[PDB]
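Along the sequence shown, the residues carry numbers beginning at 1. Worth knowing before you read on, the calculation uses all heavy atoms, side chains too, and leaves out hydrogens, waters and symmetry mates.
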Amino acid sequence: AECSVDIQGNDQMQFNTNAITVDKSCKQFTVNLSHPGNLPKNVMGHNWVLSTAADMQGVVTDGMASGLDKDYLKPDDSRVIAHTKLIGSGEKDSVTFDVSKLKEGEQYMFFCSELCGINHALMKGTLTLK
Ligand SMILES: [Cu+2]
Ligand SMILES: [Cu+2]
């Protein structure tokens with residue numbers, strides 16, 4: 001209605017939006033992730049992870065160290081503002097976070113941290129508080 005957004009990650013390593021706006025009147029904001037298509041989480045798995053644009057490379061690098069068993073994310077990574085679980089086709093996950101964790105004027109990025117293929121890296125977008 002205003003404080004949530006529906007995002008799909010499909011079999012072609014596509015997200016359906018590459019830019020999310022959070023309205024500052026929202027106390028909390030919700031991302032409902034799903035995965036169109038047929039491919040399971042081991043071959044074409046996606047999640048949804050939110051960090052500042054600045055923190056993303058570090059999140060990715062450490063996440064990579066943490067590896068597959070952790071969905072390539074450092075557990076409890078203080079730089080991840082919010083994240084979903086990993087999903088494969090026919091699966092769904094929602095995550096709610098406090099809008100107070102954002103500020104205006106900052107650049108946020110959302111992305112799939114799960115290595116899922118040739119266009120895995122394009123499964124990203126911006127998020128902005130307004
Ligand atoms: Cu993915
Ligand atoms: Cu991926």
Side-chain angles (χ1 to χ4, degrees):
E2 66 299 329
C3 304
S4 74
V5 62
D6 290 356
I7 316 303
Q8 297 80 54
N10 63 5
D11 287 339
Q12 281 82 45
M13 309 160 266
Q14 288 169 327
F15 275 135
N16 67 296
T17 174
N18 59 26
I20 297 148
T21 287
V22 178
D23 188 303
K24 104 174 127 16
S25 60
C26 298
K27 170 190 186 269
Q28 281 180 309
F29 180 86
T30 304
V31 178
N32 302 293
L33 189 70
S34 57
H35 179 318
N38 308 143
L39 305 165
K41 53 151 63 167
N42 52 326
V43 298
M44 172 65 77
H46 316 299
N47 57 3
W48 184 91
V49 174
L50 177 54
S51 76
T52 64
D55 274 339
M56 185 176 57
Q57 326 87 77
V59 165
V60 164
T61 304
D62 298 347
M64 196 57 58
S66 274
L68 189 59
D69 176 57
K70 307 315 186 315
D71 293 357
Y72 300 90
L73 284 159
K74 189 186 237 178
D76 287 336
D77 196 337
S78 79
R79 295 152 311 183
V80 159
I81 291 150
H83 64 96
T84 62
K85 290 143 240 206
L86 189 69
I87 59 150
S89 68
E91 299 161 23
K92 219 197 97 19
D93 203 46
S94 300
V95 61
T96 303
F97 60 87
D98 300 328
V99 177
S100 65
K101 281 181 174 63
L102 311 174
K103 70 185 288 295
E104 310 191 69
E106 171 66 283
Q107 282 198 88
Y108 301 101
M109 288 297 270
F110 71 87
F111 47 105
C112 165
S113 63
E114 184 100 344
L115 312 176
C116 53
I118 182 158
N119 294 330
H120 157 65
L122 305 184
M123 290 198 87
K124 56 161 181 85
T126 67
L127 183 148
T128 313
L129 184 66
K130 293 238 38 130

Separation of [Y] [atom2] from [X] [atom1] (nearest 0.5 Å):
X	Y	atom1	atom2	answer
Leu122	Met13	CG	CE	9.0 Å
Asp6	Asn32	CG	CG	5.0 Å
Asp71	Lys85	CG	NZ	11.0 Å
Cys26	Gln28	SG	CD	10.0 Å
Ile87	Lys92	CD1	NZ	7.5 Å
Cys112	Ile7	SG	CD1	13.0 Å

What I want to find out is whether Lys74 reaches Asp62 closely enough, with some N-O distance under 4.0 Å, to be called a salt bridge.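 Salt bridge present between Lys74 and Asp62.
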Quick test of your reading: applying side-chain hydrogen bond (donor to acceptor under 3.5 Å, both in side chains), list the pairs with at least one residue in residues 116-130, sequence neighbours left out, ordered by first then second residue.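 Listed by first then second residue: nothing to list.
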Selection residues 35-49 - residue pairs positive for side-chain hydrogen bond (donor to acceptor under 3.5 Å, both in side chains), sequence neighbours left out: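 The answer is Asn47-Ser113.
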Do side-chain atoms of [X] reach the backbone of [Y] as a donor and acceptor pair under 3.5 angstrom?
X	Y	value
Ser89	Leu39	yes
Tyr108	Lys103	yes
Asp98	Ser100	no
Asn10	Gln12	yes

Side-chain touch [X]/[Y], heavy atoms, less than 4.5 angstrom:
X	Y	result
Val60	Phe111	yes
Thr17	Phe110	yes
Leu50	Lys101	no
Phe29	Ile20	yes
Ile81	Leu127	no
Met64	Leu115	yes

Near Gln57 CD, under 6.0 Å, is it more than 12 heavy atoms from other residues, nucleotides or ligands?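 Enclosed.
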Check whether [X] and [Y] end up in the same hydrophobic cluster, where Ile, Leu, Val, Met, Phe, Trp and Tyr are linked by side-chain heavy atoms less than 4.5 Å apart.
X	Y	value
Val31	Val49	no
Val5	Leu33	yes
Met56	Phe97	no

Contact summary for [X] and [Y], nearest pair of heavy atoms:
X	Y	value
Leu73	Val80	CD2-CG2, 4.1 Å
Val59	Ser51	CG2-CB, 4.3 Å
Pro36	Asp11	O-OD1, 3.8 Å
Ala82	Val95	CB-CG2, 4.4 Å
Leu129	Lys24	CD1-CA, 3.8 Å

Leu68 and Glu114: CA distance, side-chain angles, deciding distance, side chain to side chain contact (heavy atoms under 4.5 Å, CB included) verdict: CA-CA 8 Å; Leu68 189 59; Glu114 184 100 344; 3.4 Å; yes
